[PDB]
Each structure stands twice: as structure tokens, then as C-alpha cells.
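Down below is the structure, laid out as C-alpha cells.
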Number of protein chains: 6
Amino acid sequence: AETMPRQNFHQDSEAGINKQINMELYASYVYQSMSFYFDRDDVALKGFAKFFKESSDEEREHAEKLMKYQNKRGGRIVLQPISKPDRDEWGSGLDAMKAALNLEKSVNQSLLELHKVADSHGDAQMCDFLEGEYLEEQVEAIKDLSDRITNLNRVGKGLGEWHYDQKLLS
Amino acid sequence: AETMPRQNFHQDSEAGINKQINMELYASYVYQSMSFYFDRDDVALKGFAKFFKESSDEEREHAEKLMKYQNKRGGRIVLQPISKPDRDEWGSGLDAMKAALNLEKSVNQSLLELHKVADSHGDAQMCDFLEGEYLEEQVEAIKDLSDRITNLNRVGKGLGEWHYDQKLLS
Amino acid sequence: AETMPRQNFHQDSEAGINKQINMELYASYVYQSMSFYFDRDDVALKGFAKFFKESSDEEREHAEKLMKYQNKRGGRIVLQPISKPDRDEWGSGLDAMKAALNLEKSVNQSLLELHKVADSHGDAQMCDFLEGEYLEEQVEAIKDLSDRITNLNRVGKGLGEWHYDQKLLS
Amino acid sequence: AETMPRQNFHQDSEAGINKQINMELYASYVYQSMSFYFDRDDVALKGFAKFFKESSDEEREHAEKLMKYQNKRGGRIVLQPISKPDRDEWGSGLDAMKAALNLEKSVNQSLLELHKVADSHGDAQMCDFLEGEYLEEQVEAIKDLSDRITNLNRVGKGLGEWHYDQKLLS
Amino acid sequence: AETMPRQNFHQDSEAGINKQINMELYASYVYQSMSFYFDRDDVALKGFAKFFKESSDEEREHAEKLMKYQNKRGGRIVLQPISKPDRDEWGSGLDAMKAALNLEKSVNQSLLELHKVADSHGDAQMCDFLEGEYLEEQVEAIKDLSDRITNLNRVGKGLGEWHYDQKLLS
Amino acid sequence: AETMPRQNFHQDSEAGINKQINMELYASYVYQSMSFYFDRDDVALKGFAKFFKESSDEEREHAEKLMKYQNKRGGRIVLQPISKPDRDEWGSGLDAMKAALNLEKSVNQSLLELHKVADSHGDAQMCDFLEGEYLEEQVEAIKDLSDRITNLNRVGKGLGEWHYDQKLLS
Ligand SMILES: [Fe+2]
Ligand SMILES: [Fe+2]
Ligand SMILES: [Fe+3]
Ligand SMILES: [Fe+3]
Ligand SMILES: [Fe+3]
Ligand SMILES: [Fe+3]
Ligand SMILES: [Fe+3]
Ligand SMILES: [Fe+3]
Ligand SMILES: [Fe+3]
Ligand SMILES: [Fe+3]
Ligand SMILES: [Fe+3]
Ligand SMILES: [Fe+3]
Ligand SMILES: [Fe+3]
Ligand SMILES: [Fe+3]
């Protein structure tokens with residue numbers, strides 16, 4: 001019945017990992033949409049384009065790391081459609097950053113619930129895996145985006161947004 | 001209003017590039033599934049894992065190139081769900097290559113359709129874009145996969161698949 | 001006789017190549033004028049100066065590539081007066097970018113026209129020459145100018161124009 | 001029935017590729033004959049020897065490119081005898097250049113008709129392969145040889161031919 | 001009324017600078033026409049091609065120097081059409097050199113009269129700018145071209161012209 | 001007259017050199033065919049591909065050395081059609097090696113024949129030329145192909161052929 005490697009890895013944890021993989025892929029797709037939106041001729045903010053392209057890349061990397069963890073523990077990857085983002089268009093650099101903060105907080109709460117599932121089944125290894133690989137970077141990300149929101153509000157619309165975008169690129 | 005850059009770019013073409021983007025994303029997700037299946041403990045062919053990870057990355061890059069093209073011509077990117085692959089498990093290395101060939105032929109026919117759409121609207125720049133970025137690569141990939149199928153049948157299962165896999169990795 | 005090299009090169013294509021040479025020379029002269037205007041003591045925007053100087057050079061380079069193409073195909077270069085630009089003065093940096101976009105779109109239409117002539121006469125080589133040498137760089141330029149216009153509107157007049165110009169220079 | 005890679009590749013195009021491969025071989029052979037003739041003791045023009053040696057190699061390379069193309073699209077190479085050249089001796093340097101121009105014009109017309117065959121069957125990839133790999137080179141070569149005829153008539157026989165030949169070697 | 005930098009800069013001198021800019025452009029265009037003519041398949045003198053290409057660039061550079069001068073003194077650039085050359089074809093290498101000598105002599109007389117205009121208005125800085133930037137180069141070029149006419153008559157037609165041309169390229 | 005360089009070079013030797021040139025060209029074309037066949041999608045043996053491509057080149061190189069020898073001795077090169085190969089398809093790698101051995105032994109007999117002609121006419125220089133340039137490399141090649149046949153029989157069909165081909169490539 002069990003896969004060869006499998007040890008102290010609960011079915012509830014396995015299912016949860018699969019759900020987290022879909023969420024991280026979803027987040028990647030939201031950031032992809034935002035990145036390409038920022039390169040529209042009528043938006044044209046190359047720093048935001050670049051910032052969200054990297055964020056898309058990172059989210060996909062997170063998903064791929066969970067995929068490999070699943071396999072390593074002897075679980076089985078089950079993929080689901082990657083739902084399209086809620087929006088086609090993402091407003092101002094400030095609007096988009098706020099949107100990113102909300103997305104990262106959603107991702108974080110899912111990871112925190114994932115850790116809770118690990119605790120529940122006394123999976124000490126999975127707890128550590130989640131702390132080291134995701135929780136630490138989530139808190140860093142969330143602070144980073146928050147600082148960006150405060151600055152985007154500080155600089156204002158127009159020239160301020162342009163100058164913040166040039167600093168992103170730099 | 002029309003977008004500021006837009007010139008000689010038909011709505012038919014715009015819509016068809018959006019469908020092509022989805023399709024390339026779908027192909028990327030198929031290859032991602034295959035790549036991760038090949039690293040299961042009970043499959044464990046790292047060359048196939050590598051080969052399909054690279055193919056997933058290439059398909060995604062094709063999607064992104066189309067996304068930028070859309071923007072450059074002044075059309076608007078419209079994203080749809082990326083549907084999950086047909087299967088969760090992909091058989092032998094031979095089986096998976098056969099599956100890859102059928103996927104790439106489906107992708108090629110879509111690109112040739114895309115070209116015809118550009119032809120239909122006398123979009124000389126788009127024809128060139130598709131010829132140079134996609135059509136040449138696709139013929140090469142199709143031939144490559146075909147060569148791999150012949151060899152996977154030549155070597156047979158067991159040690160043959162194993163040795164073929166090692167040569168993939170190297 | 002026909003010239004020694006002449007093969008599958010229609011008189012209609014030959015005349016049209018000559019018309020396009022004149023137009024690319026015209027475009028070069030417009031951008032020369034712009035470039036110089038931006039160095040007036042009462043305008044003094046060195047980045048705009050540099051940007052339109054590069055534009056003038058590229059247009060002249062296009063004209064020269066067409067001259068050489070004419071000769072290569074066994075056609076005969078026929079030069080016409082290079083008409084003075086539409087203006088002596090070119091307004092703000094935003095104004096000048098909008099003027100450039102209009103120019104580049106008129107040039108692109110002329111190039112697409114030229115490709116049409118090549119199609120009509122079943123001149124495969126000429127089509128390819130136009131596609132690879134002019135059509136791709138035209139769509140890039142039109143997107144680039146469009147992005148600039150968005151950003152010049154974004155930053156506004158005064159300090160914004162100043163800061164935009166510095167970044168052109170960088 | 002079909003080869004595994006075969007897609008959008010017409011029988012007519014396949015047969016015509018095979019005819020073109022024979023023609024490129026035949027041109028290689030003509031140039032080989034000319035090259036060797038120019039190293040006869042009673043001819044002794046090493047520049048002409050080297051020039052036609054290079055041309056022979058290029059033609060063979062063209063044929064071999066078409067051979068790999070055939071295979072890549074899933075067509076089947078079919079080789080025919082390579083007929084001997086119409087002459088055993090090729091006259092003056094000027095005579096040989098005129099003879100080369102005619103050959104290259106015959107080859108170019110064949111490539112133009114091959115492009116038309118691809119057009120007829122809506123084979124966009126084949127069209128691009130011919131344009132990029134053969135048609136551009138052919139117009140270049142036809143111009144080059146025409147310039148050489150002009151200069152060989154300019155310099156005249158005897159010392160002129162000797163000097164022209166040294167410049168070829170240089 | 002006056003531009004901010006304007007000091008000791010007469011209206012007459014300003015208008016005359018604008019006339020000189022047109023003349024330098026017109027000379028550039030003549031040399032461009034000659035350069036391209038020499039790369040016709042039925043002319044085919046690459047040394048002459050290169051030589052007149054260089055001369056075309058220098059003349060354009062002269063014009064652009066006068067444009068920046070105008071601006072620097074606080075005058076206003078006024079551009080006129082650049083008339084097409086009096087010929088479409090320029091004969092032998094010797095014919096073209098004779099034609100270049102006449103052109104350069106016409107240009108030099110114009111520069112000498114421009115210097116007189118500066119003299120007339122006691123513009124010491126303008127005098128020095130013309131002497132150092134234009135008059136010295138012109139006497140050098142007039143000597144150079146005269147030496148070339150002498151040698152082109154020396155070597156004679158046919159092989160002589162061919163050898164002269166190679167030496168130009170060298 | 002006899003040609004200027006001609007000394008101790010019999011008509012019989014001259015004709016035979018021409019026959020050998022044709023045969024070496026024939027052998028080159030056979031190995032070209034083989035080389036290309038091994039790149040078919042349904043054959044796909046890149047090592048065999050590479051090995052017969054080198055063989056084709058070496059045979060052509062032999063042919064060219066004989067052409068130059070003909071000329072050097074004051075003989076006159078007479079070219080004949082290069083007959084198409086015996087097959088269009090060349091079976092397994094073992095099959096193709098056995099076909100090559102037969103070819104090489106037929107070529108060697110022709111070369112030994114040629115040396116005999118040189119002996120008959122007491123042409124010491126020609127004998128040496130044949131010995132040092134062809135006979136030694138023929139005996140090496142025939143041993144090399146024989147070793148390959150033994151090993152292709154040793155390894156068997158399927159995986160063995162595959163592994164042999166990889167080592168050809170290495
Ligand atoms: Fe192309
Ligand atoms: Fe010896
Ligand atoms: Fe994440
Ligand atoms: Fe995250
Ligand atoms: Fe793709
Ligand atoms: Fe693809
Ligand atoms: Fe242009
Ligand atoms: Fe342009
Ligand atoms: Fe060729
Ligand atoms: Fe060719
Ligand atoms: Fe000048
Ligand atoms: Fe001057
Ligand atoms: Fe041989
Ligand atoms: Fe041999």
C-alpha cells in the first residue's frame with residue numbers, strides 16, 4: 001500500500017501540500033499578469049514589470065519546491081487547474097502593490113495552516129521544512145511590500161510613481 | 001480607443017495570440033507534471049526529469065514571448081485558466097515521449113493556424129515573428145522527439161531505458 | 001538590356017524602393033532638426049538631443065541599406081530632393097515624441113506597402129529583406145515611442161520633463 | 001503511412017527538395033571542374049582556383065543543408081546521378097565567371113520555384129527555411145559575380161587577368 | 001528680442017550660416033550618390049565607393065558642426081530642402097574626381113564668403129571658427145583631389161583605373 | 001604537343017587516374033547517402049551519422065588529391081557522371097558496416113590495379129604517390145571496419161547497437 005520512502009507522513013499533510021502547490025502556482029500567475037500589464041504601452045513602468053516578473057518566478061519556484069518535497073516524502077503530486085487572476089488590469093503601481101500584499105498574506109495564512117497540519121500529525125520534519133523554506137521568506141516579503149506601499153503613498157501619483165519605478169529598476 | 005502603437009494588427013490575430021498563450025502555458029504544465037512524475041521514488045529517471053523540466057521551461061518562455069508580442073503590437077493580454085493535464089502519471093519514458101510528440105504536433109498545428117490568421121490579414125510582421133520564433137523551433141523539437149522515440153524502442157525496457165536516461169542526463 | 005544581376009525584380013518594386021529611400025532620408029532630416037532644436041539654449045534638453053540624434057542616424061542607415069539593396073538586385077538608384085521638415089521648432093519633449101510616433105507610423109505604413117508590392121510581384125527575397133531589416137525594428141520603435149509618450153504624460157511638465165530627459169541621457 | 005514527424009509537408013515539396021539537392025550537387029561538381037582547370041599548368045590562375053574551390057564547397061554545403069531539411073520534416077532523401085559538367089575546359093577567367101553567373105541564375109530560379117511550391121502548399125516553415133538559408137545568399141552571389149565580370153572586362157586580358165587573379169587570392 | 005547667449009552675432013552671419021548648412025548637406029548628398037553609383041554591378045569600383053562614402057560622411061559632419069555653431073551663438077537653425085544632385089550617374093573614376101574637385105571649390109568659395117561676412121561684422125570668434133574648422137580642411141581636400149586627378153590621368157583607363165581603385169581601398 | 005610538365009607519364013596511367021577519381025567520388029556519394037540515412041527519424045543513430053560523414057569527406061579528399069596529381073604530372077582531368085549509390089536505405093549499423101567493407105575492398109583493388117599500371121609503365125614516382133597517399137590508409141580503414149563488424153555482431157541488435165553508436169560519437 002504505502003510508497004517505499006513513506007514514514008510519519010499523514011494523508012492530511014499530503015493533500016494539504018497538493019493544495020498549497022496549486023495556490024503557489026496561482027500566485028505565480030497573478031504576478032505574471034501584473035508583470036505583463038506593467039509593460040503595456042499605456043502603463044509602461046519597467047521597474048514594476050521587473051519586480052512582478054521576479055515575484056512570479058519566485059512563486060513558481062515555491063510551487064516546484066513543494067512538488068519535490070511531496071515526492072521526497074513518498075506522497076503523490078495531484079495537480080489542479082490554475083485559475084486565471086481576478087483582474088485583467090491592475091491599476092497604479094500603488095494599487096498593484098496593495099493587491100500583492102493581500103495575495104502574500106493569503107499565501108502566508110495557507111502556509112501557517114500547512115504548518116498547523118504538520119504539527120497536528122507530529123511531523124517534525126515537515127514543520128522544519130516549512131519554517132525554513134517558506135515562513136521566513138513570507139515575513140520578509142510582506143515587510144518589503146508594506147514598505148513599498150508606504151513609499152508609493154509618500155511619493156504620490158505622476159512623477160513620484162515614475163521615480164519610484166526607476167528605483168525599482170535600479 | 002485603439003491603442004497608441006496599434007497598426008495593421010487585426011482583432012482575429014489578437015484573439016488568436018491570446019488562445020496560443022494559453023496553449024503554451026498548458027503545454028508547460030503538462031511537461032511540469034511529466035518532469036515531477038519522473039522523480040517519484042518508484043519511477044526515478046532523472047534524465048527524463050531534466051529533459052521534461054527543460055521542456056516545461058521552454059514552453060513557458062514561448063508563452064511569455066507571445067505575451068510581450070501582444071503588448072508590443074498594442075493588443076491586450078487576456079489570460080484563461082491553465083487546465084490541468086489529462087493524467088497524473090505518464091508511464092514509461094517511451095510512453096511519455098510519445099505523449100510529448102502528440103502535444104508538440106498539437107502545438108505546431110495551432111502555430112501554423114496562427115500563421116494562417118496573420119496571412120489572412122496581411123500581417124507581414126506577425127508572419128515573420130511566428131516563423132522565426134516558433135515554427136523553426138517546433139520542426140526541430142518534433143524531429144528530436146521522434147529520434148528519441150525510435151531510440152527508446154531500439155533500447156527496450158529495463159536496462160535500455162536506464163542507459164537512455166543516463167545519456168539524457170549527460 | 002536588363003542589368004546583369006536582375007532576376008525576379010519588378011520595375012514596380014524598383015520604383016517603390018526608390019520612393020522608400022527618399023522617405024527614410026526625409027525621416028532622418030526630421031530627426032536631425034529635432035535633435036538640434038533640443039540643443040537650443042532656450043530648450044536645453046540634452047537627452048532628447050541625444051535620442052533624436054540616434055534616430056536620425058538610424059533612419060539614414062535604413063535609407064542606405066535600401067540603396068545598397070537596389071543595386072544588389074540590379075535596380076537603379078534614383079534620388080529626389082529631401083524635403084525640409086514640417087516644422088522649424090518642435091515644442092516640448094512630449095510634443096516631439098508624439099510627432100515622432102506619427103512619423104514612424106507613416107514610415108511603417110510605407111514599409112508595409114512596400115512589402116505588399118513585393119507580394120504582388122511574388123518577390124520572396126524582397127519580402128524577407130523587408131521583414132527582417134525594417135518591419136521588426138519598426139514595431140519595436142513604435143512600442144518604445146509609445147512607452148515614452150505615456151511616461152512624459154505621467155511625469156508632467158517642468159521638473160518631470162527634466163528628470164525624464166536625464167534618464168534618456170543615462 | 002506517414003513518417004512520425006511529418007506535418008504540413010506536401011509530397012510535391014518533398015519531391016522538389018530532392019530535385020534541388022541534385023541541382024546543388026551538380027553545381028558543386030561544375031565548380032570543382034572549374035577550380036581544377038584553373039590549376040592546370042597551361043592555365044595557372046591560383047586565385048580563380050581558390051575562388052571556385054570555395055564555391056564548390058558552398059554548393060555542396062547547400063545540398064547537405066537540404067538533405068538534413070528533408071529528414072527533419074520527415075521526407076525521404078532520394079539521390080540521382082550527379083551529371084558531369086557540360087565542359088571539360090572553361091576558357092578565360094572572364095569566360096568562367098560568365099559561366100558561373102548563368103549557373104547561379106539557374107540555381108536561383110530553381111530556388112524561387114521551390115519557394116513557390118512551398119507557397120502553393122501553405123508551408124510557411126519551408127518558405128522561411130528557403131528565404132533565410134538560400135535566397136539571400138543567392139542574390140549576394142549573383143551581385144558578387146556580376147561585379148567580377150565588370151572588372152574582368154575592365155582589366156582586360158594578359159596582365160589585367162593576372163592582377164585580378166592575385167587580388168582574388170589576396 | 002535677442003536670444004540669451006547672443007552677443008556680437010549679426011543677422012547677416014546667422015542667415016549665411018543657414019545657407020552654408022544647406023550647401024554642406026547638398027555636398028553630402030552628391031557624395032552619397034557618387035558612392036552608391038560606384039557599387040553598381042556595371043561600375044564596381046569599391047575603392048571609389050569607399051572614398052566617396054567617407055566624403056559624404058565628412059560633409060554631413062561639417063553641416064552638423066555649423067548647426068551646433070548656430071545654436072551656440074544664439075542663432076536659429078533654418079533648414080531648406082536638400083536638392084537632389086545634378087546627375088544620377090557619374091562616369092569614370094576620373095570623371096567623378098573632377099566633379100568632386102568642382103564641388104569642393106564651390107564649397108570653399110562659399111566658406112571664404114562666409115568668412116568675409118564675419119569680417120564685415122567684426123565677428124572675430126566666427127572667423128576663427130571657420131578658419132580652424134573648415135578652411136584648413138578645404139585646402140587639404142582640394143590638394144588631395146587634384147593629386148588624384150593627376151594620377152587617374154597618369155594610369156589611364158581599364159587596368160589603370162582598377163589599380164588606382166585598389167589603392168584607394170588599401 | 002605534350003603538356004609542358006609531362007615526363008615519364010603514360011596515357012594508360014593518365015586514363016586510369018581519371019577512372020580512380022570517378023570511383024573515389026562514387027564512394028564519397030555512397031557514404032554521404034549512408035550518413036544522411038542514419039539521421040532519419042526512424043533510424044536515429046548519430047554516431048553512425050558522424051562516422052559516415054567523415055568517411056564521405058575522406059573519399060572526396062582522395063578524389064581531389066588525384067585531381068591535383070593528374071594536373072601536376074601534366075595529365076588532363078576528365079570527369080564522368082557520379083552514379084547514384086546502389087541503395088536508398090542502408091539497414092542496421094552492422095549492415096551498413098558490411099556494405100562499407102565491401103566498398104573499401106573494391107576501392108582498394110582499384111588502387112592496387114592503379115599501382116600495377118604505374119609499375120607496367122615504370123612510373124616510380126606514381127607508385128610512391130599511390131603507396132604513401134592511398135594504399136596505407138586503405139589497409140588501415142579495412143582493418144578498422146573489420147573490427148567494427150566484429151563488435152557490432154558482438155553487441156547484437158537493440159541496446160547493443162545503441163551503445164556502439166554512442167561510443168562512435170565519443
Ligand atoms: Fe524571415
Ligand atoms: Fe615510400
Ligand atoms: Fe510563494
Ligand atoms: Fe510567497
Ligand atoms: Fe511552445
Ligand atoms: Fe512548443
Ligand atoms: Fe527608417
Ligand atoms: Fe524607421
Ligand atoms: Fe547553392
Ligand atoms: Fe543554392
Ligand atoms: Fe564640407
Ligand atoms: Fe566644408
Ligand atoms: Fe578513397
Ligand atoms: Fe578510400
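In what follows, chains carry the letters A, B, and so on, assigned in the order in which the sequence lines appear, proteins first and then strands, with residues in each chain numbered from 1.
- Each of A:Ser35, A:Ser83, A:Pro5, A:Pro81 has some count of heavy-atom pairs under 4.5 Å with chain B, and the biggest count is that of A:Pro81.
- Across B:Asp41 and A:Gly74, no two heavy atoms sit closer than the pair OD2-CA, 4.4 Å.
- B:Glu113 CD: more than 12 foreign heavy atoms inside a 6.0 Å radius.
- Contact check for A:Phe36 versus B:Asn71: side-chain heavy atoms found under the 4.5 Å cut-off.
- For the pair B:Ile82 and A:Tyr29, the minimum side-chain heavy-atom distance is below 4.5 Å.
- Around CD of B:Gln166, the count of heavy atoms belonging to other residues, nucleotides or ligands within 6.0 Å exceeds 12.
- Neither the backbone nor the side chain of A:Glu89 comes within contact range of chain B, judged by heavy atoms closer than 4.5 Å.
- Side-chain contact between B:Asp42 and A:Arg76: present, with at least one pair of heavy atoms (C-beta onward) separated by less than 4.5 Å.
- The heavy-atom pair separating A:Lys84 from B:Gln80 by the smallest distance is CB-C, 3.7 Å.
- Between atom CD of residue A:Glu64 and atom NZ of residue B:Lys53 there is a gap of 6.5 Å, rounded to the nearest 0.5 Å.
- Taking CG of B:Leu79 as the start and CG of A:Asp88 as the end, the distance is 7.5 Å to the nearest 0.5 Å.
- Once rounded to the nearest 0.5 Å, the distance linking CZ of A:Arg40 with CD of B:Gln70 reads 10.5 Å.
- At most 12 heavy atoms of other shown residues, nucleotides or ligands fall within 6.0 angstrom of atom CZ in A:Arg87.
- Within a 6.0 Å sphere centred on CD of A:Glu136, other residues, nucleotides and ligands contribute 12 heavy atoms or fewer.
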